[PDB]
Amino acid sequence: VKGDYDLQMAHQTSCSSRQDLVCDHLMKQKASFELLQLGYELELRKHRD
Amino acid sequence: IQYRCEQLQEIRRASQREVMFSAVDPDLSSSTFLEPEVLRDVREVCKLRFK
């Protein structure tokens with residue numbers, strides 16, 4: 001059991017790390033989109049003036 | 001009206017074919033090549049938001 005647990009823990013840790021990487025990428029992507037979104041919002045106000 | 005036109009003309013001029021984006025060969029650490037200001041500001045804005 002110990003052996004198995006060890007094996008599982010090792011697997012999990014590996015998976016967690018992989019997940020973190022995926023999350024990081026998606027957040028970077030979101031950050032970029034939100035910057036652009038804000039850009040459009042800002043642009044419409046100047047057209048109203 | 002003239003004041004507004006001058007402002008938009010300045011933006012058009014600034015837009016004209018500008019911002020050399022050197023492909024940062026990742027391996028080439030050393031060449032101090034200076035990141036265009038626009039790239040640095042955008043990156044920083046994006047990084048700040050990411051964090």
# chains A, B, ... in the order shown; residues from 1 in each chain; ligands from 1
$ interface_residues --of "chain B" --to "chain A" --cutoff "8 Å" --atoms "only C-alpha atoms" --output "ChimeraX atom specification"
/B:45-47,49-50
$ write_last_selection --atoms "C-alpha atoms" --output "PDB file, in the first residue's frame"
ATOM      1  CA  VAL B  45       0.293  45.455 -18.429  1.00  0.00           C
ATOM      2  CA  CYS B  46      -0.497  41.890 -19.304  1.00  0.00           C
ATOM      3  CA  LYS B  47       1.853  40.424 -16.606  1.00  0.00           C
ATOM      4  CA  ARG B  49      -3.066  41.498 -14.880  1.00  0.00           C
ATOM      5  CA  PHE B  50      -1.874  37.796 -14.959  1.00  0.00           C
TER       6      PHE B  50
END
$ atom_distance --atom1 "CA of residue 24 (chain B)" --atom2 "CA of residue 37 (chain B)"
14.9 Å
$ atom_distance --atom1 "CA of residue 13 (chain B)" --atom2 "CA of residue 43 (chain B)"
23.5 Å
$ select_by_dssp --residues "chain B" --states "alpha helix (DSSP H)" --output "PyMOL selection string"
chain B and resi 2-15+37-50
$ write_last_selection --atoms "N, CA, C and O atoms" --output "short mmCIF file (atom, residue, chain, number, x, y, z; two decimals), in the first residue's frame"
data_model
loop_
_atom_site.label_atom_id
_atom_site.label_comp_id
_atom_site.auth_asym_id
_atom_site.auth_seq_id
_atom_site.Cartn_x
_atom_site.Cartn_y
_atom_site.Cartn_z
N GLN B 2 -9.97 72.33 -35.30
CA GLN B 2 -8.59 72.24 -35.76
C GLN B 2 -7.71 71.54 -34.73
O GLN B 2 -6.84 70.75 -35.10
N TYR B 3 -8.07 71.87 -33.45
CA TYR B 3 -7.32 71.23 -32.37
C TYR B 3 -7.54 69.72 -32.38
O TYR B 3 -6.58 68.95 -32.27
N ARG B 4 -8.68 69.28 -32.64
CA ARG B 4 -9.01 67.86 -32.69
C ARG B 4 -8.37 67.18 -33.90
O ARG B 4 -7.88 66.06 -33.80
N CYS B 5 -8.38 67.68 -35.00
CA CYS B 5 -7.76 67.17 -36.22
C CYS B 5 -6.26 66.99 -36.04
O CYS B 5 -5.70 65.98 -36.48
N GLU B 6 -5.67 68.02 -35.34
CA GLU B 6 -4.24 67.95 -35.10
C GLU B 6 -3.89 66.76 -34.20
O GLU B 6 -2.89 66.07 -34.44
N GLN B 7 -4.74 66.55 -33.23
CA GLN B 7 -4.53 65.43 -32.32
C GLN B 7 -4.61 64.10 -33.06
O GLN B 7 -3.78 63.22 -32.86
N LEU B 8 -5.58 63.86 -33.95
CA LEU B 8 -5.80 62.62 -34.70
C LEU B 8 -4.71 62.43 -35.75
O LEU B 8 -4.31 61.30 -36.04
N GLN B 9 -4.22 63.52 -36.32
CA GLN B 9 -3.13 63.46 -37.29
C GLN B 9 -1.83 62.98 -36.64
O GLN B 9 -1.07 62.23 -37.25
N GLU B 10 -1.68 63.46 -35.35
CA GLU B 10 -0.50 63.00 -34.61
C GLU B 10 -0.56 61.50 -34.36
O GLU B 10 0.46 60.81 -34.44
N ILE B 11 -1.73 60.96 -34.10
CA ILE B 11 -1.93 59.54 -33.85
C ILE B 11 -1.68 58.75 -35.14
O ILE B 11 -1.08 57.68 -35.11
N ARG B 12 -2.09 59.25 -36.29
CA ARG B 12 -1.88 58.62 -37.59
C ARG B 12 -0.40 58.53 -37.93
O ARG B 12 0.07 57.50 -38.40
N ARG B 13 0.28 59.64 -37.64
CA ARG B 13 1.72 59.66 -37.90
C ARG B 13 2.44 58.63 -37.04
O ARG B 13 3.35 57.95 -37.53
N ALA B 14 2.04 58.54 -35.79
CA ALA B 14 2.64 57.60 -34.86
C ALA B 14 2.35 56.16 -35.27
O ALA B 14 3.19 55.27 -35.08
N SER B 15 1.25 55.91 -35.93
CA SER B 15 0.81 54.58 -36.35
C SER B 15 1.62 54.08 -37.54
O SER B 15 1.76 52.88 -37.74
N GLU B 37 9.47 50.01 -26.55
CA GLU B 37 8.70 50.54 -25.43
C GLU B 37 7.28 49.99 -25.43
O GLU B 37 6.74 49.63 -24.38
N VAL B 38 6.69 49.89 -26.61
CA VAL B 38 5.32 49.40 -26.72
C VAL B 38 5.25 47.95 -26.25
O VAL B 38 4.32 47.56 -25.54
N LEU B 39 6.14 47.18 -26.63
CA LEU B 39 6.20 45.78 -26.23
C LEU B 39 6.37 45.64 -24.72
O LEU B 39 5.70 44.83 -24.09
N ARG B 40 7.31 46.35 -24.14
CA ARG B 40 7.56 46.34 -22.70
C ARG B 40 6.30 46.73 -21.93
O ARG B 40 5.91 46.05 -20.98
N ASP B 41 5.61 47.86 -22.39
CA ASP B 41 4.44 48.38 -21.69
C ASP B 41 3.27 47.40 -21.78
O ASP B 41 2.56 47.19 -20.80
N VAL B 42 3.09 46.84 -22.95
CA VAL B 42 2.02 45.87 -23.13
C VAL B 42 2.30 44.62 -22.30
O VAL B 42 1.40 44.09 -21.64
N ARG B 43 3.42 44.10 -22.37
CA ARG B 43 3.81 42.93 -21.60
C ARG B 43 3.59 43.16 -20.11
O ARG B 43 3.02 42.31 -19.42
N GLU B 44 4.14 44.29 -19.64
CA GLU B 44 4.01 44.61 -18.22
C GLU B 44 2.54 44.70 -17.81
O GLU B 44 2.17 44.25 -16.73
N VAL B 45 1.72 45.37 -18.71
CA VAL B 45 0.29 45.46 -18.43
C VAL B 45 -0.33 44.06 -18.34
O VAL B 45 -1.12 43.78 -17.44
N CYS B 46 0.03 43.25 -19.29
CA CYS B 46 -0.50 41.89 -19.30
C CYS B 46 0.02 41.09 -18.11
O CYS B 46 -0.73 40.33 -17.50
N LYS B 47 1.25 41.13 -17.73
CA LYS B 47 1.85 40.42 -16.61
C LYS B 47 1.20 40.83 -15.29
O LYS B 47 0.94 39.98 -14.43
N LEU B 48 1.02 42.20 -15.21
CA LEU B 48 0.37 42.69 -14.00
C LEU B 48 -1.02 42.08 -13.86
O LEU B 48 -1.42 41.67 -12.76
N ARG B 49 -1.74 42.10 -14.92
CA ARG B 49 -3.07 41.50 -14.88
C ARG B 49 -2.98 40.00 -14.60
O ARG B 49 -3.79 39.46 -13.85
N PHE B 50 -2.10 39.22 -15.19
CA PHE B 50 -1.87 37.80 -14.96
C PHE B 50 -1.62 37.52 -13.48
O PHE B 50 -2.24 36.62 -12.90
#
$ atom_distance --atom1 "CA of residue 22 (chain A)" --atom2 "CA of residue 51 (chain B)"
14.9 Å
